[PDB]
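**Student:** got a sequence here, can you build the structure:
(chains A, B, C, D, E, F and G)
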Amino acid sequence: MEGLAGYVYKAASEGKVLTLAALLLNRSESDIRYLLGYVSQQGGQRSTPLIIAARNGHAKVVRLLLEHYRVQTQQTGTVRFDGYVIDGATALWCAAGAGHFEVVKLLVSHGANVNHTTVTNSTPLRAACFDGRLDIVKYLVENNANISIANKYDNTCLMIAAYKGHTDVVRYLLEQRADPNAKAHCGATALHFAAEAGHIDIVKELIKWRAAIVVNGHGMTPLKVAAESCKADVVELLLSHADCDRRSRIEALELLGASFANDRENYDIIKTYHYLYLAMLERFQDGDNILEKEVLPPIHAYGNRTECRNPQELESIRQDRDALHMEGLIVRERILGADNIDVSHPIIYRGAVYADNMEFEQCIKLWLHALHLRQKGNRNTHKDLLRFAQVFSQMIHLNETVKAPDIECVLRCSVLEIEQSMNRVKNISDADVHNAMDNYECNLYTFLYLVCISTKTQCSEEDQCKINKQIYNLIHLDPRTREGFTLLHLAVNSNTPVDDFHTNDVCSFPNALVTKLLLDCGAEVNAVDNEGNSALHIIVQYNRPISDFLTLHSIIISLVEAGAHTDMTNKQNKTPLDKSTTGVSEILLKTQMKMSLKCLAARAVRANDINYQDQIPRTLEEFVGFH
Amino acid sequence: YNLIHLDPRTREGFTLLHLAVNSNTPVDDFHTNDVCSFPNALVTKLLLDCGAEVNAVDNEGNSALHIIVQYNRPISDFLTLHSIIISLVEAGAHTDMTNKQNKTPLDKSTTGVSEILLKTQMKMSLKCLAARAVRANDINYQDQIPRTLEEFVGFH
Amino acid sequence: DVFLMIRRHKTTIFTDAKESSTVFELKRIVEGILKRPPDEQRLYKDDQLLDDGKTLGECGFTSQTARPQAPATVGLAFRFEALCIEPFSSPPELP
Amino acid sequence: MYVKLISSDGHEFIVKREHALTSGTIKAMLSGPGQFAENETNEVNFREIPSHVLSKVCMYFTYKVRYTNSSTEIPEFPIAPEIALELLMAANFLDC
Amino acid sequence: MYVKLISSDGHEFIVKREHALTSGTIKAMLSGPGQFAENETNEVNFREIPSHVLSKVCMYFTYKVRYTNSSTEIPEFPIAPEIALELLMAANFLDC
Amino acid sequence: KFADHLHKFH
Amino acid sequence: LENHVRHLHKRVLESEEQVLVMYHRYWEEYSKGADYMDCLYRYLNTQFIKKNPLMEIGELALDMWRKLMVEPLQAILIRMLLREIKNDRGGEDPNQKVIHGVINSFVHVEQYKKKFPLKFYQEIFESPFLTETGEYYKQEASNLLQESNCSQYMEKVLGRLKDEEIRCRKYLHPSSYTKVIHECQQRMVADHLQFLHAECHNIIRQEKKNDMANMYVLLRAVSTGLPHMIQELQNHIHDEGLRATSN
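**Tutor:** Residues are numbered from 1 along each chain as shown, chains lettered A, B, ... in the order given. Sure, the structure comes next:
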């Protein structure tokens, strides 16, 4: 039976104890075990009735199921979602995650697995501390809890509890022989999670329990990441602890001052200037043992400035904010080394701030430096290219000139990122193949928007040649979307999703200029989709042939001139005339169609199914292939 | 421009533009037949540049558009035809104009290519709908509309 | 593909909706434009109140009765106020 | 996005921006020192066009932008004989 | 103005030069060392094309010269099943 | 404004 | 318009040294005013001028600016436009906005011309500026040679070429981005081409990497510059191979 089990699961989810008893009445032991312990797929969850009853917190339901019927403690199934789709979790894990003391107490008294390990070794203690119920954590503790059992990423309950803002649970774990020196999969400790959380009480309890501060696998000590996250309170605690020496504390002060000028949430130039006072004074208070910071060459994005080595230069910027933000970014790169992922969001946000008030000259170079850092860090950067396309379309719409070297550099980074995404999806796993393909298609679309912008702007012959070479590299690479669409097919398709922020105001697809430029760059005119539609099949189905007759006419002219079989057949044996919805496109193609005896003879050969293997040249062997 | 202002009319009422956009215009066979082929896109564009009467009407009521849409080689010479049509549309030719038989240039196209080119070079133009409603209802439009609108209604 | 003229006393807003759409879509349109939230404004169809739930398909706004060339009229009333929409000016007679 | 066309009578005729920009002089009235780029009202005051004519003009805007790319025997625009010769001037002034 | 396309059988196939110049390697064959300034025969001798397929090639010349500026339901060109795969090659060689 | 869209990855 | 542009001419020419910034202010105001006035005169443009030797108000206003604010100021605007560009070449920083706006006014006044919109800008500014920059960079090339050897001279020429490429974007129209740089190649890397060609030997005999790179970048643009470097590199490699595979 399936209906009775489904109704039992639904009643357990709803808490209908009378209905549950009615459904479970007059049932044998096998029937009792089948109705309680059957995995049902409801609401996106493959769960047993006991799992959904423990998750809902129904104490009466779970106690009836475990007392009168004695449901087994091996209720394994998929529970919850949003990064917590772990399968095989027992009812105790769900009860601890649900944050109901009565349910976990009843399950423990009934013999649930306290240290149960899931497919990702998710212990119930981790879920209990994630929910924040101290009583559940304790009740798990006295029932032979294993604090060594952690996630497969070496994430213990203490680390994830310190990540959240709950001091009571981390204090109870620390007094219950925790592991303050824990090391995660990335090398980060729970001290880093506490520092980025901004709760100084957790750090105080950790250092009271021999926290033993140390850098992570990447190389970011917790004081440094606390400084980067504008957590001044967390920074001003290790000085009281008195174990950060003098160079680490002063670079923490410098990074804190640099971060307050760039972080959007904690944007306050006053705090930046105050902590820069603190950094300068603590550097220049002794003289004999003066601590000096290194000098990096100036970066063209921030103008021409290398920190403020003389303090009087720092106090010379108390009347300005732009140079203060640039100095903060310079100091942030000097400390972080311009290699962590944390160096890109500040400069990107500064570029955005320069962009909202039409100061595009600084925004473009700031975002270009951020994009170069992202590319040199081997990080996904499709969003940065998308925002480049957006800002380029915005400044195009405002009738302001786009710098040709700027768009050339963006195109270079775009084709490099498309190569990176192509080789990433070449050997990607099934768990991430959909998102990898989505990123690849987003990179393709943003490349198309950039090419459309480059057609929109006016540049010299050298800049146009550079842009054409950058496009031709990708054209020779021959990128294909999940539907088999090449660059030409998307450039001639009206169904290409143009971004809604600013690109849709300028980049309109299909566009005659982008297709003409792609053909000049050597696009394969006779390409196919997965269903065989060439560029001509795609364009002839265009929805606005009257108002946009110029675009459709130019696309068809360019496609025919570059060489396109105007009677090529897709998998459904439909010529572009047979695929053309509008009569305007039909007659445009007929004007651009040249009668040929080779096509007529190939059509006759295909219709009569004459065997053309080795009887004709290979060129004809494919000519009848697509006719 | 001097010859256009002189207002040349053939015995059939064909103006300079009508003869420039007509494939029926006789051509001498000695050496002009080897170069001078009518209709010509360059000739029509040059005439329209020098203030030619774009909506000129012959005795039969036809215009330059009514003549060019009748062109019977709309593929091999299509480009020329295409250019001429847009040239007329670039010179303000009224695509809804009716001759003495009340036939729009769509009705005188007798060709798919010319009809489609004309349709794509034609706007909705609420003025055309209002003028057609005025003409169909036989409303008097004398001294009650602008001076140009009187000729505009006279087109239909 | 249903086109409407939502008519205030003198304001006549020209809107578009799908045939299979509910009243609350155009109510949100009126809220976003006229700045009157739907909890205080009621619409009418040819002197008959419309409820928040029923769709435009069976409300009487078929695609054959509310073409763009002649949209259907939807009344309005802001707070009760009855349908007292002022009509258009009388056209002059044929001369 | 929703400009307000005001007739001579006082009949506000709120229509979408893309609908209203299909005409010439409504694009010109909303250009230059008539933009008011804060999307507050976008109000044009037609001191001469009557309400019964401006309503038909707005309906033409909607009808055109719906049937601009069809070219497949679009339905006729119903213009009453009384509105004609009064919609003709308002179509000349509001070019296209 | 009348070339003489010889076949591999030996059949002379005198056709008007305008028709025969629609090919690629017949306009190219009558260009260069063979031009016939005396215009006496204009032999375009084909020692590879059979006669039964060169006849259909000439019929295609006439058919394409006739039905070129039509665009309205051109009649089909009746390629027999047996002559096809021999006329595909004979059209590839002559460039249609 | 461009500052609003940055909250996604951060 | 012709009695208002004349007023702006009387208010601009009277500025003895600041006619550039006065021209830029008046040109910005008048360009936006011409656009908005063409917007206002839409009925007269579409029902009177278009139907008829007449000129649309948007085109007429720019034409009345060309004939009354640029043609009488032709010998005075450029005489200090080139002076400000030269002062930029000497190290000073003129107002890039004003210079670029004044230079773009020449290409903007005839944006309504159908055939050659840039004919005015080319005949009034681009050719005098090309002559001026040819003279200036010929003088610079003559000055660098007498005080610097080829190793320093090629680096100085590359720096000047980069500075002229950057400076050309700041002021001039994009269409003259090439000529202005190309004409300043054929004064300092091609007028002294033989000089470089008289020394490539040494540059390749000692395999001076910086000098070889600079010389290749310099001679690539010149039509007949590269082949001597190619032949002499071949000679050097041949002599190196003979000296390496004969003992």
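**Student:** contacts for stretch A:511-531?
**Tutor:** Under the contact criterion CB atoms under 8 Å, 6 or more residues apart in numbering or on different chains, stretch A:511-531 has outside partners A:448, A:451-452, A:454-456, A:468, A:471-472, A:475-476, A:478, A:483-489, A:491-492, A:534-535, A:538, A:550-551, A:554-555, A:558-559, A:561-565, A:568, A:570-572, A:626. All C-beta spots, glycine's among them, are computed from the backbone N, C-alpha and C.
**Student:** just the buried residues of these.
**Tutor:** Among the contacts of stretch A:511-531, those buried by neighbour count (16 or more other CB atoms under 10 Å in any protein chain shown) are A:448, A:451-452, A:454-456, A:468, A:471-472, A:475, A:485-489, A:491-492, A:534-535, A:538, A:551, A:554-555, A:558-559, A:562, A:564-565, A:568, A:570, A:626.
**Student:** and those residues, which of them are in helices?
**Tutor:** A:448, A:451-452, A:454-456, A:468, A:471-472, A:475, A:487-489, A:491-492, A:535, A:538, A:551, A:554-555, A:558-559 (DSSP state H).
**Student:** up against chain F, what does the stretch 201-350 of chain A have?
**Tutor:** A:264, A:345, A:348, A:349 (CB under 8 Å from any CB of the partner chain).
**Student:** can you redo those as CSV with neighbour count?
**Tutor:** Listed next are those as CSV, based on neighbours: other CB atoms under 10 Å in any protein chain shown:
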residue, neighbour count
A:264, 16
A:345, 17
A:348, 28
A:349, 22
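**Student:** would you list every one of the strands in the chain?
**Tutor:** This is for chain A. A:40-42, A:45-47 (DSSP state E).
**Student:** my question was about chain D, not that one.
**Tutor:** Using DSSP E, strands in chain D cover D:2-6, D:15-16, D:43-45.
**Student:** quick one: which of the ones you listed is nearest chain E?
**Tutor:** strand D:15-16 (39.1 Å; CB to the nearest CB).
**Student:** near chain C at all, the closest one?
**Tutor:** Yes: contact of strand D:15-16 with chain C (CB under 8 Å from any CB) involves D:15, D:16.
**Student:** could you report the neighbour count for residue F:1?
**Tutor:** For residue F:1, the count of nearby residues is 10 (other CB atoms under 10 Å in any protein chain shown).
**Student:** thought it was touching residue A:354?
**Tutor:** No: applying CB atoms under 8 Å as the test, residue F:1 and residue A:354 come out as separate, 11.0 Å apart.
**Student:** which residues touch residue C:76?
**Tutor:** Contacts of residue C:76 by CB under 8 Å, 6+ apart are C:6, C:7, C:8, C:11, C:30, C:41, C:42, C:43, C:44, C:85.
**Student:** you'd agree residue A:185 is up against residue A:159?
**Tutor:** No: using CB under 8 Å, residue A:185 is not in contact with residue A:159; the gap is 10.7 Å.
**Student:** now for residue A:120, how many residues are close by?
**Tutor:** Using other CB under 10 Å, residue A:120 has 15 other residues around it.
**Student:** and it, how far is that from chain G?
**Tutor:** 55 Å (CB to the nearest CB, to the nearest Å).
**Student:** phi, psi of that residue?
**Tutor:** phi -100, psi 20 (degrees, to the nearest 10).
**Student:** in a markdown table, list the strands of chain A along with distance to residue C:80.
**Tutor:** Output for those, formatted as a markdown table (distance: least, CB to CB, whole Å):
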| stretch | distance to residue C:80 |
| --- | --- |
| strand A:40-42 | 46 |
| strand A:45-47 | 48 |
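**Student:** from those, which stretch is densest packed?
**Tutor:** Each of those was scored by mean neighbour count; the highest is strand A:45-47, a mean of 21, by mean count of other CB atoms under 10 Å in any protein chain shown.
**Student:** adjacent strands (with direction) for that strand?
**Tutor:** strand A:40-42 (antiparallel) (DSSP bridges).
**Student:** which residues touch the partner strand?
**Tutor:** With contacts defined as CB under 8 Å, 6+ apart, strand A:40-42 is touched by A:5, A:6, A:9, A:10, A:13, A:46, A:47, A:48, A:49, A:52.
**Student:** now swap in stretch A:374-387 and tell me
**Tutor:** Contacts for stretch A:374-387 (CB under 8 Å, 6+ apart): A:339-341, A:344, A:348, A:367, A:370-371, A:410, A:413-414, A:416-417, A:420-421, A:439, A:442-443, A:446-447, A:449-450, A:499, F:2, F:5, F:8-9.
**Student:** and that stretch, end to end?
**Tutor:** Length of stretch A:374-387, first residue to last, CA to CA, to the nearest Å: 14 Å.
**Student:** about what we covered before: which one, of the strands of chain D, ends up nearest to residue G:165?
**Tutor:** Nearest to residue G:165 among the strands of chain D is strand D:2-6; the distance by CB to CB comes to 46.5 Å.
**Student:** does the residue nearest to residue G:189 when sequence neighbours are not counted lie in a helix or a strand, and which?
**Tutor:** Residue nearest to residue G:189 in three dimensions, not counting chain neighbours: residue G:218, with 4.8 Å by CB to CB, 6 or more residues apart in numbering or on different chains. Remark: residue G:218 resides in helix G:209-221, with elements defined by DSSP states H and E.
**Student:** element containing the residue of chain C found nearest chain E, please.
**Tutor:** Chain C approaches chain E most closely through residue C:69 (32.4 Å), counting by CB to the nearest CB. Using DSSP H and E, residue C:69 sits within no helix or strand.
**Student:** thought it was touching residue D:64?
**Tutor:** No: the criterion here is CB under 8 Å, and residue C:69 misses it with residue D:64 at 9.7 Å.
**Student:** give me the more crowded residue out of those two.
**Tutor:** Of the pair residue C:69 and residue D:64, residue D:64 is the one with more neighbours under other CB under 10 Å, namely 22 against 19.
**Student:** next up, the contacts around that one.
**Tutor:** Residue D:64 touches B:124, B:126, D:22, counting by CB under 8 Å, 6+ apart.
**Student:** rerun at 6 Å
**Tutor:** By CB atoms under 6 Å, 6 or more residues apart in numbering or on different chains, residue D:64 lies in contact with B:124, D:22.
**Student:** residue of chain G closest to chain F, please.
**Tutor:** Nearest to chain F in chain G, going by CB to the nearest CB, is residue G:97, at a distance of 24.1 Å.
**Student:** apologies, that question was intended for chain C.
**Tutor:** Nearest residue of chain C to chain F (CB to the nearest CB) works out as residue C:32 at 20.0 Å.
**Student:** re the thing from before, dump the strands of chain D into CSV; add mean neighbour count and distance to residue C:73 as well.
**Tutor:** Shown next, in CSV, are these (neighbours: other CB atoms under 10 Å in any protein chain shown; distance: least, CB to CB, whole Å):
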stretch, mean neighbour count, distance to residue C:73
strand D:2-6, 21, 17
strand D:15-16, 22, 15
strand D:43-45, 15, 22
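**Student:** so how do I select the buried members of the contacts of stretch A:374-387 in ChimeraX?
**Tutor:** In ChimeraX syntax, the buried subset of the contacts of stretch A:374-387 is picked out as below (16+ other CB under 10 Å):
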select /A:340,344,348,367,370,371,410,413,414,417,420,421,439,442,443,446,447,449,450,499 /F:2
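**Student:** any idea how far residue D:78 lies from residue C:71?
**Tutor:** 12 Å (CB to CB, to the nearest Å).
**Student:** higher neighbour count, those two?
**Tutor:** Higher neighbour count among residue D:78 and residue C:71: residue C:71, with 24 against 14, using other CB under 10 Å.
**Student:** and that one, what does it touch?
**Tutor:** C:3, C:4, C:5.
**Student:** now with 7 Å?
**Tutor:** C:3, C:4, C:5, C:14, D:59 (CB atoms under 7 Å, 6 or more residues apart in numbering or on different chains).
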